[PDB]
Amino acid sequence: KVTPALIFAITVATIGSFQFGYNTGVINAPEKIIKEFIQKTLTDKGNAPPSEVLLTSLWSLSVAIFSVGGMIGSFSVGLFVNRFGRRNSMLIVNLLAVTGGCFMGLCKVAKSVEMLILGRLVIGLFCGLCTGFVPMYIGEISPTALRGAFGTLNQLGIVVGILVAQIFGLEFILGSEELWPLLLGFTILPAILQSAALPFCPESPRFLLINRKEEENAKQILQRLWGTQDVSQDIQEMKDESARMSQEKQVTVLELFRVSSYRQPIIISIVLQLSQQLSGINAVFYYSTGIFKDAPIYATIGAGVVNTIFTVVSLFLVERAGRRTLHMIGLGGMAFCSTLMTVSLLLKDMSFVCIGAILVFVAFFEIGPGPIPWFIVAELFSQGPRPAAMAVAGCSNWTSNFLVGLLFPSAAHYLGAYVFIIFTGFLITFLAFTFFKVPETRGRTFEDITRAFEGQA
């Protein structure tokens, strides 16, 4: 059963997903207004005026530093989750959200570009830690038969976060010359609501029984969250996981690549992050505004509604169809839209067909490669290696996002419309990889998933 206790716990957790989505998508709309600020602050200092190269570098640094923070943050989740707990770690890192949000919110008043760059770094550190905390907590408090459905709420949170950031970035909302510090500082508000709500959420009963050896405390939480007495099966299941973890050495990031039974789920974990970040989703949105102009922010907001609708579609299908099926349909459908893009963009100079290709690509992305890579890593591992594995998988997601972001304008300049062909090459490669290497985890236990990798190795 799904009690209001479970819905509340997962909703409060997904505020971190929204934070990641908001901070990712917020920085694009105030570009011209923030560049003007950087230029005014630096010129008013009294020295020689800044060069266009320096001004573009500081803008690029303001954007990119968030990815650097996220890389460090996502890779650092293991320094928190076992030490403090999953619930308590989420609470502790709101101190980074508040410091990050204050730096960005006060950089204009302080007439400081240093505060803006530090603010984006610290919010990067926070979002990075979130991207690993949220799926870990959701993956451990969710009933095994709905682990994927609740897992998809991480991506729903992210997608809604981007959308709100894009809406708020409008001139008549917070995208103004006077209100842009509030636009960046907005991240403080979900952080204060999450902080006030988190002490009312339970700690992971998997964590309490396996890591903290609190069997009764875990049983009471499980009884409340699932609103039953039949928690005896799940408790014994956690006792068999606790047994395994005490028999195995403490799992370090290096051990995941050395131990054969961890090598297969970690290659799966990393490659599924690459399948999301190298799908062509960055390219589809890059060319989006240009295509809408030929036939634009209100249309970009329109792409956000499609993005939201199809994440909800995935949520209602992932427990029926399974992860393997939805990930494959997603990659396949995107490959069909990827080739249709190349033909549309070369024959455009049919913008109506290219708008359709973008809309259907987003629809396919959100069916599988969008939500699945975020929650799948928690399913492929048991308690012992889960934090280390989510540190590696999370860092892989942030690093591949960062490297695609740096190399893509250069690739789009030299290849043009033909840039969607190398994405069709990637999509088919990940479509093949999912078919032969990714096992179905739908409705299965962490112990059943682990026993299967231990049998294969």
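Residue numbers here begin at 1 and follow the sequence given.
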| query | finding |
| --- | --- |
| Gap size, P296 back to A295 (deposited sequence, no coordinates) | 4 to 9 |
| Mean temperature factor over C-alpha atoms, higher-scoring stretch between 35 to 43 and 66 to 74 | 35 to 43 |
| Which of 239 to 247 and 128 to 136 has higher mean CA B factor, as the PDB entry lists it | 239 to 247 |
| Of the residues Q277, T342, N82, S269, the one carrying the largest Cα B-factor as recorded | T342 |
| Per the PDB entry, maximal CA B factor within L163, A97, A299, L91 | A299 |
| B-factor third for the C-alpha atom of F207 within its chain | lowest |
| Lowest, middle or highest third - CA B-factor, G405 | middle |
| Cα B factor band for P371 (lowest, middle or highest third within the chain) | lowest |
| Ranked against its chain, the third holding the CA B-factor of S382 | middle |
| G394 CA temperature factor, ranked by third within the chain | lowest |
